[PDB]
Amino acid sequence: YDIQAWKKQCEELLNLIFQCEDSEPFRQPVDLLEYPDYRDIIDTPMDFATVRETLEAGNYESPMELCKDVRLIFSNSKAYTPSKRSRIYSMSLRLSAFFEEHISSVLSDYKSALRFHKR
Ligand SMILES: O=C(c1cn[nH]c1)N1CCCC1
């Protein structure tokens, strides 16, 4: 019932993501010189270094806020891809499945800790 445990769990999950080869296109903001039309399609850029920095700054209040920003990395890739068979989009789908499989227990444990506190 540790209300704060999600933070270290998210740091460790980000470490696993940074080791995945599939995260390489998403570690840093998209290079707007290589993709000059990026901001014509994407309203809010997001990347894993920004997520990690926001977490380490103490600027997430819950793992649900972190999960919203990670999910934005994946929805941006889906919106930007010129094809559902593109290399970088395919990497995003695998990485999203890995993220979702690992974040589920983090969210469940956090919500359980809040409920126990309210009890
Ligand atoms: O999400 C994409 C992308 C998706 N399909 N093709 C490119 N990018 C983020 C990193 C740079 C490109």
# chains A, B, ... in the order shown; residues from 1 in each chain; ligands from 1
call {"tool": "select_by_dssp", "arguments": {"residues": "region 2-109 of chain A", "states": "helix (DSSP H, G or I)", "output": "PyMOL selection string"}}
result
chain A and resi 6-19+21-26+38-41+48-56+63-80+87-109
call {"tool": "closest_atom_pairs", "arguments": {"of": "chain A", "to": "ligand 1", "cutoff": "6 Å", "atoms": "only C-alpha atoms and all ligand atoms", "output": "Markdown table"}}
result
| residue | atom | partner | partner_atom_place_in_ligand_line | distance |
| --- | --- | --- | --- | --- |
| A:25 | CA | ligand 1 | 10 (C) | 4.4 |
| A:26 | CA | ligand 1 | 10 (C) | 5.6 |
| A:30 | CA | ligand 1 | 10 (C) | 4.9 |
| A:77 | CA | ligand 1 | 1 (O) | 3.4 |
| A:80 | CA | ligand 1 | 4 (C) | 5.3 |
| A:81 | CA | ligand 1 | 5 (N) | 3.5 |
| A:86 | CA | ligand 1 | 5 (N) | 5.6 |
| A:88 | CA | ligand 1 | 5 (N) | 4.7 |
| A:89 | CA | ligand 1 | 4 (C) | 4.4 |
call {"tool": "write_last_selection", "arguments": {"atoms": "N, CA and C atoms", "output": "PDB file, in the first residue's frame"}}
result
ATOM      1  N   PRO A  25      14.129   5.709 -31.834  1.00  0.00           N
ATOM      2  CA  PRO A  25      13.538   6.882 -32.494  1.00  0.00           C
ATOM      3  C   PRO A  25      12.764   7.801 -31.555  1.00  0.00           C
ATOM      4  N   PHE A  26      12.490   7.340 -30.334  1.00  0.00           N
ATOM      5  CA  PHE A  26      11.618   8.037 -29.383  1.00  0.00           C
ATOM      6  C   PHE A  26      12.324   8.537 -28.136  1.00  0.00           C
ATOM      7  N   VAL A  30      11.736  14.501 -31.809  1.00  0.00           N
ATOM      8  CA  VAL A  30      11.890  14.280 -33.250  1.00  0.00           C
ATOM      9  C   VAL A  30      12.688  15.427 -33.860  1.00  0.00           C
ATOM     10  N   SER A  77       3.360   8.826 -33.081  1.00  0.00           N
ATOM     11  CA  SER A  77       3.962   7.995 -34.127  1.00  0.00           C
ATOM     12  C   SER A  77       2.889   7.464 -35.076  1.00  0.00           C
ATOM     13  N   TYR A  80       1.800  10.354 -37.277  1.00  0.00           N
ATOM     14  CA  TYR A  80       2.798  10.846 -38.227  1.00  0.00           C
ATOM     15  C   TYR A  80       3.149   9.846 -39.310  1.00  0.00           C
ATOM     16  N   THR A  81       2.979   8.542 -39.050  1.00  0.00           N
ATOM     17  CA  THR A  81       3.429   7.537 -39.993  1.00  0.00           C
ATOM     18  C   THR A  81       2.757   7.654 -41.351  1.00  0.00           C
ATOM     19  N   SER A  86       5.211   1.133 -41.770  1.00  0.00           N
ATOM     20  CA  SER A  86       6.508   1.795 -41.697  1.00  0.00           C
ATOM     21  C   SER A  86       7.401   1.184 -40.639  1.00  0.00           C
ATOM     22  N   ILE A  88       9.500   2.726 -38.411  1.00  0.00           N
ATOM     23  CA  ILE A  88       9.473   3.421 -37.124  1.00  0.00           C
ATOM     24  C   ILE A  88       8.127   3.239 -36.434  1.00  0.00           C
ATOM     25  N   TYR A  89       7.030   3.226 -37.175  1.00  0.00           N
ATOM     26  CA  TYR A  89       5.723   2.961 -36.580  1.00  0.00           C
ATOM     27  C   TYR A  89       5.670   1.523 -36.032  1.00  0.00           C
TER      28      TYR A  89
END
call {"tool": "closest_atom_pairs", "arguments": {"of": "region 12-47 of chain A", "to": "region 95-115 of chain A", "cutoff": "10 Å", "atoms": "only C-alpha atoms", "output": "JSON lines"}}
result
{"residue": "A:13", "atom": "CA", "partner": "A:102", "partner_atom": "CA", "distance": 7.4}
{"residue": "A:14", "atom": "CA", "partner": "A:99", "partner_atom": "CA", "distance": 9.0}
{"residue": "A:16", "atom": "CA", "partner": "A:99", "partner_atom": "CA", "distance": 9.4}
{"residue": "A:17", "atom": "CA", "partner": "A:95", "partner_atom": "CA", "distance": 7.7}
{"residue": "A:20", "atom": "CA", "partner": "A:95", "partner_atom": "CA", "distance": 8.0}
{"residue": "A:21", "atom": "CA", "partner": "A:95", "partner_atom": "CA", "distance": 9.2}
{"residue": "A:22", "atom": "CA", "partner": "A:95", "partner_atom": "CA", "distance": 6.1}
{"residue": "A:23", "atom": "CA", "partner": "A:95", "partner_atom": "CA", "distance": 6.8}
{"residue": "A:26", "atom": "CA", "partner": "A:95", "partner_atom": "CA", "distance": 9.9}
call {"tool": "atom_distance", "arguments": {"atom1": "CA of residue 1 (chain A)", "atom2": "CA of residue 116 (chain A)"}}
result
6.7 Å
call {"tool": "residues_around", "arguments": {"residues": "residue 44 (chain A)", "least_positions_apart": "6", "cutoff": "12 Å", "atoms": "only C-alpha atoms", "output": "ChimeraX atom specification"}}
result
/A:29-30,38,69,71-77,79-80
call {"tool": "atom_distance", "arguments": {"atom1": "CA of residue 61 (chain A)", "atom2": "CA of residue 11 (chain A)"}}
result
14.2 Å
call {"tool": "closest_residue", "arguments": {"among": "A:3, A:51, A:46, A:91", "to": "residue 65 (chain A)", "atoms": "only C-alpha atoms"}}
result
A:51
call {"tool": "closest_residue", "arguments": {"among": "A:54, A:49, A:63, A:118", "to": "residue 24 (chain A)", "atoms": "only C-alpha atoms"}}
result
A:49
call {"tool": "atom_distance", "arguments": {"atom1": "CA of residue 43 (chain A)", "atom2": "CA of residue 78 (chain A)"}}
result
13.1 Å
call {"tool": "closest_residue", "arguments": {"among": "A:47, A:119, A:84, A:53", "to": "residue 31 (chain A)", "atoms": "only C-alpha atoms"}}
result
A:47
